[PDB]
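Step one of this worksheet: look at the structure below.
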Amino acid sequence: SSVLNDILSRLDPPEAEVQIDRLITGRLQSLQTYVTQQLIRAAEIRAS
Amino acid sequence: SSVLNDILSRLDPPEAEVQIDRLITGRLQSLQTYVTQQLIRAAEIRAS
Amino acid sequence: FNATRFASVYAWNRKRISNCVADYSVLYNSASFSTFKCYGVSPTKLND
Amino acid sequence: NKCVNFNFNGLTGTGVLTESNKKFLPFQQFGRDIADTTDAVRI
């Protein structure tokens with residue numbers, strides 16, 4: 001799912017937390033990818 | 001854990017190696033993230 | 001293993017285990033037990 | 001003074017163990033520096 005809250009309200013600690021592990025890995029890329037995006041923007045800005 | 005050695009001295013090949021798989025994935029980001037950090041430093045340096 | 005008596009589970013008896021030398025690999029080669037689940041620990045590293 | 005892979009006193013590691021001047025309280029014998037590494041062990 002895209003929502004952990006429904007997991008929590010219907011599943012158990014172990015499976016919910018492994019699903020959250022893969023969920024949280026996905027968001028930890030998506031963030032640091034975004035940060036990489038932004039600081040290559042910011043490099044082009046700093047040159048300009 | 002943060003240490004695979006204790007795993008090896010107390011666990012079996014399959015579970016130890018899956019835990020190492022997730023451990024090694026974490027370090028493979030942390031390295032290539034560091035490399036990305038460094039070569040955006042180095043780009044700012046090369047401009048300067 | 002030569003236990004004389006065990007208290008009932010509804011008030012399962014608890015014992016202290018420490019300050020001795022045990023070869024737990026004997027059990028793995030003992031095979032005298034219905035189940036010998038070593039979870040969170042590999043049986044074949046613990047005698048040493 | 002010779003680096004080896006060792007299983008020390010039930011505490012396992014690899015490296016060299018040579019006389020230590022560092023202070024380890026009576027309540028310590030081995031303590032974890034960075035990387036869970038010992039500095040002196042029983043030292």
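Chains: A, B, ... in order of the structure tokens. Residues: from 1 per chain. Ligands: from 1, in order shown.
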Next item on the list: Specify as an MDAnalysis selection string all residues of chain B found within 10 Å of chain C, counting only C-alpha atoms.
Entry: chainID B and resid 7:13 15
Just to be explicit: take each residue in the selection above, keep N, CA and C atoms, and write the result as a tab-separated table (two decimals), in the first residue's frame.
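Contents of the output file again10.tsv:
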chain	number	residue	atom	x	y	z
B	7	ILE	N	26.54	-11.77	14.02
B	7	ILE	CA	25.71	-12.64	13.18
B	7	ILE	C	26.45	-13.92	12.82
B	8	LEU	N	27.63	-13.79	12.20
B	8	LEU	CA	28.32	-14.97	11.70
B	8	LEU	C	28.61	-15.94	12.83
B	9	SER	N	29.17	-15.44	13.92
B	9	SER	CA	29.44	-16.30	15.07
B	9	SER	C	28.18	-16.87	15.70
B	10	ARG	N	26.98	-16.28	15.53
B	10	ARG	CA	25.60	-16.90	15.97
B	10	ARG	C	24.57	-17.16	15.16
B	11	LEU	N	24.65	-16.89	13.91
B	11	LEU	CA	23.55	-17.34	13.05
B	11	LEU	C	24.05	-18.16	11.86
B	12	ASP	N	23.08	-18.70	11.09
B	12	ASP	CA	23.12	-19.60	9.94
B	12	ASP	C	23.34	-18.83	8.64
B	13	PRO	N	23.69	-19.53	7.56
B	13	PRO	CA	23.98	-18.85	6.29
B	13	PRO	C	22.79	-18.05	5.77
B	15	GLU	N	19.69	-16.71	6.93
B	15	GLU	CA	19.26	-15.49	7.60
B	15	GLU	C	20.40	-14.49	7.73
Write out as a PDB file with N, CA and C atoms, in the first residue's frame each polymer residue whose atoms come within 10 Å of range 16-27 of chain D, counting only C-alpha atoms; drop sequence neighbours fewer than 2 positions from it.
ATOM      1  N   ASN D   1      52.072  -8.846  18.763  1.00  0.00           N
ATOM      2  CA  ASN D   1      52.889  -8.193  17.741  1.00  0.00           C
ATOM      3  C   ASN D   1      52.774  -8.861  16.376  1.00  0.00           C
ATOM      4  N   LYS D   2      51.800  -9.752  16.198  1.00  0.00           N
ATOM      5  CA  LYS D   2      51.522 -10.372  14.906  1.00  0.00           C
ATOM      6  C   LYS D   2      50.018 -10.333  14.686  1.00  0.00           C
ATOM      7  N   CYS D   3      49.587  -9.774  13.557  1.00  0.00           N
ATOM      8  CA  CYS D   3      48.159  -9.596  13.316  1.00  0.00           C
ATOM      9  C   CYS D   3      47.547 -10.922  12.896  1.00  0.00           C
ATOM     10  N   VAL D   4      46.480 -11.332  13.583  1.00  0.00           N
ATOM     11  CA  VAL D   4      45.818 -12.595  13.297  1.00  0.00           C
ATOM     12  C   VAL D   4      44.316 -12.451  13.490  1.00  0.00           C
ATOM     13  N   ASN D   5      43.580 -13.405  12.922  1.00  0.00           N
ATOM     14  CA  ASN D   5      42.172 -13.578  13.248  1.00  0.00           C
ATOM     15  C   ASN D   5      42.061 -14.495  14.458  1.00  0.00           C
ATOM     16  N   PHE D   6      41.394 -14.016  15.504  1.00  0.00           N
ATOM     17  CA  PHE D   6      41.419 -14.678  16.798  1.00  0.00           C
ATOM     18  C   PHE D   6      40.008 -14.782  17.355  1.00  0.00           C
ATOM     19  N   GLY D  13      37.757 -11.610  17.325  1.00  0.00           N
ATOM     20  CA  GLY D  13      38.231 -10.464  16.573  1.00  0.00           C
ATOM     21  C   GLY D  13      39.454 -10.844  15.768  1.00  0.00           C
ATOM     22  N   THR D  14      39.981  -9.861  15.043  1.00  0.00           N
ATOM     23  CA  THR D  14      41.198 -10.047  14.268  1.00  0.00           C
ATOM     24  C   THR D  14      42.072  -8.810  14.396  1.00  0.00           C
ATOM     25  N   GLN D  29      37.674  -5.032  31.555  1.00  0.00           N
ATOM     26  CA  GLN D  29      38.866  -5.615  30.961  1.00  0.00           C
ATOM     27  C   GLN D  29      38.988  -5.336  29.470  1.00  0.00           C
ATOM     28  N   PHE D  30      37.884  -5.385  28.720  1.00  0.00           N
ATOM     29  CA  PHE D  30      37.852  -5.001  27.313  1.00  0.00           C
ATOM     30  C   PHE D  30      36.731  -3.995  27.095  1.00  0.00           C
ATOM     31  N   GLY D  31      37.016  -2.955  26.321  1.00  0.00           N
ATOM     32  CA  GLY D  31      36.040  -1.922  26.043  1.00  0.00           C
ATOM     33  C   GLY D  31      36.080  -1.513  24.587  1.00  0.00           C
ATOM     34  N   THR D  38      38.289  -3.107  20.489  1.00  0.00           N
ATOM     35  CA  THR D  38      38.930  -3.024  21.789  1.00  0.00           C
ATOM     36  C   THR D  38      40.161  -2.127  21.716  1.00  0.00           C
ATOM     37  N   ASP D  39      40.518  -1.547  22.858  1.00  0.00           N
ATOM     38  CA  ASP D  39      41.804  -0.883  23.037  1.00  0.00           C
ATOM     39  C   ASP D  39      42.734  -1.665  23.948  1.00  0.00           C
ATOM     40  N   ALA D  40      42.195  -2.273  25.002  1.00  0.00           N
ATOM     41  CA  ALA D  40      42.920  -3.233  25.818  1.00  0.00           C
ATOM     42  C   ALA D  40      41.922  -4.221  26.402  1.00  0.00           C
ATOM     43  N   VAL D  41      42.335  -5.487  26.486  1.00  0.00           N
ATOM     44  CA  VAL D  41      41.424  -6.585  26.788  1.00  0.00           C
ATOM     45  C   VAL D  41      42.031  -7.520  27.824  1.00  0.00           C
ATOM     46  N   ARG D  42      41.181  -7.992  28.731  1.00  0.00           N
ATOM     47  CA  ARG D  42      41.482  -9.153  29.564  1.00  0.00           C
ATOM     48  C   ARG D  42      40.202  -9.963  29.744  1.00  0.00           C
ATOM     49  N   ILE D  43      45.590  -6.857  29.067  1.00  0.00           N
ATOM     50  CA  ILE D  43      45.150  -5.618  28.455  1.00  0.00           C
ATOM     51  C   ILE D  43      46.186  -5.241  27.411  1.00  0.00           C
TER      52      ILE D  43
END
Is it possible to see chain A as a compact mmCIF listing (two decimals) with N, CA, C and O atoms, in the first residue's frame, once it has been laid onto chain B by a least-squares fit on every C-alpha atom in order?
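Result file out-v7.txt:
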# COMPACT_ATOMS: atom_id res chain seq x y z
N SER A 1 21.53 -5.51 13.62
CA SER A 1 22.73 -5.06 14.30
C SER A 1 23.52 -4.20 13.32
O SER A 1 23.20 -4.12 12.14
N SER A 2 24.56 -3.55 13.84
CA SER A 2 25.52 -2.87 12.99
C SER A 2 26.73 -3.74 12.66
O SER A 2 27.58 -3.32 11.87
N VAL A 3 26.81 -4.93 13.24
CA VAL A 3 27.96 -5.81 13.11
C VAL A 3 27.52 -7.15 12.56
O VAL A 3 26.64 -7.81 13.13
N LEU A 4 28.14 -7.55 11.45
CA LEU A 4 27.85 -8.84 10.85
C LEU A 4 28.62 -9.95 11.54
O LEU A 4 28.22 -11.12 11.49
N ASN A 5 29.74 -9.62 12.18
CA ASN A 5 30.59 -10.63 12.81
C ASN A 5 29.83 -11.41 13.89
O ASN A 5 29.95 -12.64 13.97
N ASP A 6 29.08 -10.71 14.74
CA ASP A 6 28.25 -11.40 15.73
C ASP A 6 27.21 -12.28 15.06
O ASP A 6 26.98 -13.41 15.48
N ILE A 7 26.53 -11.77 14.02
CA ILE A 7 25.71 -12.64 13.18
C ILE A 7 26.45 -13.92 12.82
O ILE A 7 25.97 -15.03 13.09
N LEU A 8 27.63 -13.79 12.20
CA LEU A 8 28.32 -14.97 11.70
C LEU A 8 28.61 -15.94 12.83
O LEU A 8 28.35 -17.14 12.71
N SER A 9 29.17 -15.44 13.92
CA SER A 9 29.44 -16.29 15.07
C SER A 9 28.18 -16.87 15.70
O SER A 9 28.26 -17.87 16.39
N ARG A 10 26.98 -16.28 15.53
CA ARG A 10 25.60 -16.90 15.97
C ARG A 10 24.57 -17.15 15.16
O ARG A 10 23.65 -17.69 15.74
N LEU A 11 24.65 -16.89 13.91
CA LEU A 11 23.55 -17.34 13.05
C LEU A 11 24.05 -18.16 11.86
O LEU A 11 25.25 -18.32 11.64
N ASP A 12 23.08 -18.70 11.09
CA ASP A 12 23.12 -19.60 9.94
C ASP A 12 23.34 -18.83 8.64
O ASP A 12 23.20 -17.61 8.60
N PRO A 13 23.69 -19.53 7.56
CA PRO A 13 23.98 -18.85 6.29
C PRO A 13 22.79 -18.05 5.77
O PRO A 13 22.95 -16.87 5.45
N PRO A 14 21.60 -18.66 5.63
CA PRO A 14 20.52 -17.92 4.95
C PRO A 14 20.08 -16.64 5.65
O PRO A 14 20.07 -15.57 5.02
N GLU A 15 19.69 -16.71 6.93
CA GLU A 15 19.26 -15.49 7.60
C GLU A 15 20.40 -14.49 7.73
O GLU A 15 20.20 -13.28 7.51
N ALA A 16 21.60 -14.96 8.05
CA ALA A 16 22.74 -14.06 8.15
C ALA A 16 22.97 -13.34 6.82
O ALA A 16 23.27 -12.14 6.80
N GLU A 17 22.81 -14.05 5.71
CA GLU A 17 23.11 -13.45 4.41
C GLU A 17 22.01 -12.51 3.96
O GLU A 17 22.29 -11.52 3.28
N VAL A 18 20.75 -12.76 4.32
CA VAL A 18 19.71 -11.78 4.01
C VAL A 18 19.92 -10.51 4.84
O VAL A 18 19.77 -9.38 4.34
N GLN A 19 20.24 -10.68 6.13
CA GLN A 19 20.53 -9.51 6.95
C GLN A 19 21.73 -8.75 6.38
O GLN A 19 21.73 -7.52 6.35
N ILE A 20 22.74 -9.48 5.90
CA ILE A 20 23.87 -8.84 5.25
C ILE A 20 23.44 -8.19 3.94
O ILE A 20 24.04 -7.21 3.52
N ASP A 21 22.43 -8.73 3.27
CA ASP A 21 21.97 -8.12 2.02
C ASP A 21 21.42 -6.73 2.27
O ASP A 21 21.81 -5.76 1.61
N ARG A 22 20.52 -6.62 3.23
CA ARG A 22 20.03 -5.32 3.65
C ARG A 22 21.17 -4.45 4.25
O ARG A 22 21.32 -3.25 3.94
N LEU A 23 22.14 -5.07 4.97
CA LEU A 23 23.25 -4.29 5.51
C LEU A 23 24.08 -3.68 4.38
O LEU A 23 24.48 -2.50 4.42
N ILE A 24 24.29 -4.47 3.33
CA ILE A 24 25.22 -4.13 2.26
C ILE A 24 24.56 -3.14 1.32
O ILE A 24 25.22 -2.28 0.73
N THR A 25 23.24 -3.25 1.16
CA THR A 25 22.48 -2.24 0.43
C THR A 25 22.60 -0.89 1.11
O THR A 25 22.79 0.15 0.46
N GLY A 26 22.46 -0.88 2.44
CA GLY A 26 22.62 0.37 3.16
C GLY A 26 23.98 0.99 2.95
O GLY A 26 24.10 2.18 2.64
N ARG A 27 25.05 0.19 3.08
CA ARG A 27 26.37 0.76 2.83
C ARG A 27 26.59 1.13 1.36
O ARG A 27 27.33 2.07 1.07
N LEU A 28 25.96 0.42 0.41
CA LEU A 28 26.16 0.83 -0.99
C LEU A 28 25.51 2.17 -1.29
O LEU A 28 26.13 3.02 -1.95
N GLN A 29 24.31 2.45 -0.78
CA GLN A 29 24.04 3.92 -0.74
C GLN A 29 25.06 4.72 0.00
O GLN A 29 25.70 5.58 -0.62
N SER A 30 25.29 4.45 1.23
CA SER A 30 26.04 5.45 1.98
C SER A 30 27.33 5.84 1.24
O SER A 30 27.63 7.03 1.08
N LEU A 31 28.02 4.85 0.67
CA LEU A 31 29.13 5.16 -0.24
C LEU A 31 28.74 5.96 -1.46
O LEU A 31 29.41 6.95 -1.76
N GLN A 32 27.75 5.55 -2.25
CA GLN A 32 27.70 6.29 -3.50
C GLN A 32 27.10 7.68 -3.21
O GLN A 32 27.35 8.64 -3.94
N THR A 33 26.30 7.80 -2.14
CA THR A 33 25.88 9.11 -1.66
C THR A 33 27.09 9.96 -1.32
O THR A 33 27.17 11.11 -1.73
N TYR A 34 28.03 9.41 -0.55
CA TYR A 34 29.25 10.14 -0.21
C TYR A 34 29.99 10.58 -1.46
O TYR A 34 30.51 11.70 -1.53
N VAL A 35 30.08 9.69 -2.44
CA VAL A 35 30.76 10.02 -3.69
C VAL A 35 30.03 11.16 -4.40
O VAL A 35 30.66 12.10 -4.91
N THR A 36 28.70 11.09 -4.45
CA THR A 36 27.93 12.20 -5.01
C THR A 36 28.19 13.49 -4.23
O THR A 36 28.40 14.55 -4.83
N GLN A 37 28.20 13.41 -2.89
CA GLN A 37 28.53 14.58 -2.09
C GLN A 37 29.84 15.17 -2.56
O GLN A 37 29.94 16.36 -2.88
N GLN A 38 30.86 14.31 -2.63
CA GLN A 38 32.21 14.76 -2.90
C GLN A 38 32.33 15.38 -4.29
O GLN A 38 33.10 16.33 -4.46
N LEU A 39 31.63 14.86 -5.29
CA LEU A 39 31.82 15.38 -6.64
C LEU A 39 30.91 16.56 -6.98
O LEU A 39 31.26 17.36 -7.85
N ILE A 40 29.89 16.82 -6.16
CA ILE A 40 29.34 18.17 -6.12
C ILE A 40 30.21 19.19 -5.34
O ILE A 40 30.39 20.31 -5.78
N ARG A 41 30.93 18.77 -4.29
CA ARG A 41 32.04 19.63 -3.73
C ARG A 41 33.02 19.91 -4.83
O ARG A 41 33.27 21.09 -5.15
N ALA A 42 33.48 18.87 -5.48
CA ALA A 42 34.54 19.02 -6.47
C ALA A 42 34.09 19.86 -7.66
O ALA A 42 34.91 20.53 -8.29
N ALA A 43 32.80 19.84 -7.99
CA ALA A 43 32.32 20.76 -9.02
C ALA A 43 32.41 22.20 -8.55
O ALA A 43 32.85 23.09 -9.30
N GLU A 44 32.01 22.46 -7.30
CA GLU A 44 32.12 23.83 -6.80
C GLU A 44 33.59 24.27 -6.77
O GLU A 44 33.93 25.38 -7.18
N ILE A 45 34.47 23.39 -6.28
CA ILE A 45 35.92 23.60 -6.41
C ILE A 45 36.39 23.84 -7.83
O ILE A 45 37.26 24.69 -8.05
N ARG A 46 35.88 23.11 -8.81
CA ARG A 46 36.49 23.25 -10.12
C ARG A 46 36.08 24.60 -10.69
O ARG A 46 36.88 25.29 -11.34
N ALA A 47 34.83 25.01 -10.43
CA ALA A 47 34.40 26.36 -10.80
C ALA A 47 35.28 27.41 -10.13
O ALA A 47 35.82 28.31 -10.79
N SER A 48 35.45 27.30 -8.81
CA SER A 48 36.27 28.28 -8.09
C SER A 48 37.70 28.27 -8.59
O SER A 48 38.38 29.30 -8.57
Residues of chain D within 10 Å of chain C, counting only C-alpha atoms - could you list those as a PDB file with N, CA, C and O atoms, in the first residue's frame?
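Heads up, here's the output in part.pdb:
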ATOM      1  N   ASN D   7      39.819 -15.762  18.233  1.00  0.00           N
ATOM      2  CA  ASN D   7      38.594 -15.922  19.012  1.00  0.00           C
ATOM      3  C   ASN D   7      39.023 -15.843  20.473  1.00  0.00           C
ATOM      4  O   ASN D   7      39.340 -16.859  21.091  1.00  0.00           O
ATOM      5  N   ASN D   9      38.927 -15.583  24.272  1.00  0.00           N
ATOM      6  CA  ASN D   9      38.204 -15.736  25.534  1.00  0.00           C
ATOM      7  C   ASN D   9      36.694 -15.758  25.320  1.00  0.00           C
ATOM      8  O   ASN D   9      35.924 -15.360  26.197  1.00  0.00           O
ATOM      9  N   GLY D  10      36.258 -16.220  24.152  1.00  0.00           N
ATOM     10  CA  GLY D  10      34.883 -16.092  23.736  1.00  0.00           C
ATOM     11  C   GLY D  10      34.580 -14.794  23.022  1.00  0.00           C
ATOM     12  O   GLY D  10      33.541 -14.689  22.363  1.00  0.00           O
TER      13      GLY D  10
END
Margin query: Can you measure CA of residue 12 in chain D to CA of residue 37 in chain D for me? One decimal in Å is fine.
Written below: 10.7 Å
